[PDB]
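The structure appears right after this line, and notes come after that.
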Protein chains: 2
Amino acid sequence: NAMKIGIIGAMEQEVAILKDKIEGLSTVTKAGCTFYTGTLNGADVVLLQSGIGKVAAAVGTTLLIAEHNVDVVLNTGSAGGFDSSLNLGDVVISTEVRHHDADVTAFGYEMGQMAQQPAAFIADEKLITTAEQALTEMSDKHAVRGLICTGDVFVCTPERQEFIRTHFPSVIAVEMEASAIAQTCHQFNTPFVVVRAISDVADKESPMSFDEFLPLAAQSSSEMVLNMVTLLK
Amino acid sequence: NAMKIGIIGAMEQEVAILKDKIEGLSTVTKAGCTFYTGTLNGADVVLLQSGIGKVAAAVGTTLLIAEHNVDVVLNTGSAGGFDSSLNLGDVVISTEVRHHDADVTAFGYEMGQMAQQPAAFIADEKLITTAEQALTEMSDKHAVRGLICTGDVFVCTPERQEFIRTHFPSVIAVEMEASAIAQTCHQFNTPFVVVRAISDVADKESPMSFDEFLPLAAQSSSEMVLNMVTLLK
Ligand SMILES: Nc1ncnc2cc[nH]c12
Ligand SMILES: Nc1ncnc2cc[nH]c12
Ligand SMILES: [Ca+2]
Ligand SMILES: [Ca+2]
Ligand SMILES: [Ca+2]
Ligand SMILES: [Cl-]
Ligand SMILES: [Cl-]
Ligand SMILES: [Cl-]
Ligand SMILES: [Cl-]
Ligand SMILES: [Cl-]
């Protein structure tokens, strides 16, 4: 018996680096998802390319846990930076994750809290400790640990930035899958962590420059995840 | 072999009427979802209580299709009315569904279209025909057929109604799961239809009157689904 490590990225570029390192690779496709199973430095992994956004991530995470038998989930890829200390390419590690675009305050929930869910999804303590160790193995890579907020939006306006900061002042980064991954993992009682890297600062120029910085972000976040899975073997 | 009809409702009250009609019932729970399997007037059904919101609906729909082997999906329950002809308790039938809260327009997608997804999810022609025949079997029940818009929000402010109407002028009703169910069905190439009923008109009065009319909405939409399953079996 060994841990089975799920790794989730949304986009082809976010998974390709890790894909090509897997040994004893097998491939499955289902519901628009691709699953690459094998070993990464002797760790048993299942690497999922989910697609973008909350529903795609939830579909894929569900399959990853229910059909691919993973024990923990690591979410890799790019994110939009909100913490002022971040630079492009820097790592972000989730302490917790929230939906920035959920509002059932009608019924007394706090902003971001989905009905019947906790207000925040707490990343696993052991996986955070593993992420810290993984970061030390990189060459002078800066990270920030903190709240990651997700919505079905690529944030690129000052108005949407101000809404998010009004309700989630501690937010360090935004993206489009983490809270779906985290919620699904909560429903399945599965440990998770998000270890992404910054592609942009979620401003008006960001949609145009995303593509130029995605390779950097994918490289950083992939190097984190490779170091983590090796630590977990 | 017979068609296996999946039926999805978010809340206990949305599934309770149908649950008690099932014959040869068996129950299982997974990931915060409850699945009620048996027959409804001789049709093979799997009735899912998913939970509220897009992620919960996606998790449940994924299990319903992948693990419970359903061939079609009917989404039941309550919705907030937008079309001016709708009264409390009236039925809404989806022609198509969109995410009202998705925005990746800066990458060229249209409003509401998720990246890597079609702009709208089209309800199945045969299931819509069946819904129309079910509606005729009711005693003088008014319905509107049209676009249903989903988001992770219980809509109850004029500002949010105005945003939705600005971007989706043909919307007939809003709710919190349909686009997740429909996207998941798209990904699984599974037919779907939404056949909900009106609990409120998505205004400032709607948070505190929802509960009074949820039983009415559950009654109408359950009667539609029961009529449909008899026809589809
Ligand atoms: N600005 C942004 N908004 C949402 N997701 C991402 C992912 C990278 N940049 C982002
Ligand atoms: N006003 C509303 N907004 C979202 N979903 C529902 C479901 C019933 N009424 C609704
Ligand atoms: Ca062992
Ligand atoms: Ca290789
Ligand atoms: Ca560019
Ligand atoms: Cl890509
Ligand atoms: Cl920090
Ligand atoms: Cl209920
Ligand atoms: Cl949800
Ligand atoms: Cl009509």
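Quick note: numbers below take in every heavy atom, side chains included, and nothing from hydrogens, waters or symmetry partners. Convention: sequence-line order gives letters A, B, ...; per-chain numbering from 1.
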Legend entry - Which residues share a side chain to side chain contact (heavy atoms under 4.5 Å, CB included) with A:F163, sequence neighbours left out: A:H167
Legend entry - B:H99-B:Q113 side chain donor-acceptor pair, cut-off 3.5 Å: no
Inset, instruction - Given side chain to side chain contact (heavy atoms under 4.5 Å, CB included), test A:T157 with A:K204 step by step and report yes or no. - result: CA-CA 6 Å; A:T157 63; A:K204 71 176 180 189; over 6 Å; no
Legend entry - Set of side chain to side chain contact (heavy atoms under 4.5 Å, CB included) partners for B:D124, sequence neighbours left out: B:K126, B:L127, B:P191
When the side chains of residues 57-69 of chain A are checked against the rest of the protein, which donor-acceptor pairs come out under 3.5 Å, sequence neighbours left out?
{"residue": "A:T61", "atom": "OG1", "partner": "A:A57", "partner atom": "O", "Å": "2.8"}
{"residue": "A:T62", "atom": "OG1", "partner": "A:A58", "partner atom": "O", "Å": "2.8"}

Inset, instruction - Using the side chain to side chain donor-acceptor pair (under 3.5 Å) rule, collect all pairs that involve residues 36-60 of chain A, keeping only residues at least two apart or in two chains. - result: A:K19-A:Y36, A:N41-A:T230, A:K54-A:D101, A:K54-B:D152
Legend entry - Partner set under side chain to side chain contact (heavy atoms under 4.5 Å, CB included) for B:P118, not counting sequence neighbours: B:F121, B:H186
Inset, instruction - Could you list the residues that satisfy side chain to side chain contact (heavy atoms under 4.5 Å, CB included) with A:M3, not counting sequence neighbours? - result: A:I5, A:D71, A:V72, A:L232
Legend entry - Sequence neighbours excluded - ring-ring contact (aromatic ring centres under 6.0 Å, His included) pairs with any residue from residues 2-22 of chain A: none
Inset, instruction - Name all pairs fulfilling the ring-ring contact (aromatic ring centres under 6.0 Å, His included) condition that reach into residues 46-66 of chain A, sequence neighbours left out, sorted by first residue then second. - result: none
Legend entry - Pairs touching residues 191-217 of chain A that satisfy ring-ring contact (aromatic ring centres under 6.0 Å, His included), sequence neighbours left out: A:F154-A:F210
Inset, instruction - Would you mind listing every ring-ring contact (aromatic ring centres under 6.0 Å, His included) that reaches into residues 125-145 of chain A, with sequence neighbours excluded? - result: none
Legend entry - A:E14: salt bridge (charged side-chain N to carboxylate O under 4.0 Å, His left out) partners, not counting sequence neighbours: none
Inset, instruction - Applying salt bridge (charged side-chain N to carboxylate O under 4.0 Å, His left out), name anything that partners B:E125, two or more places apart in sequence or on another chain. - result: none
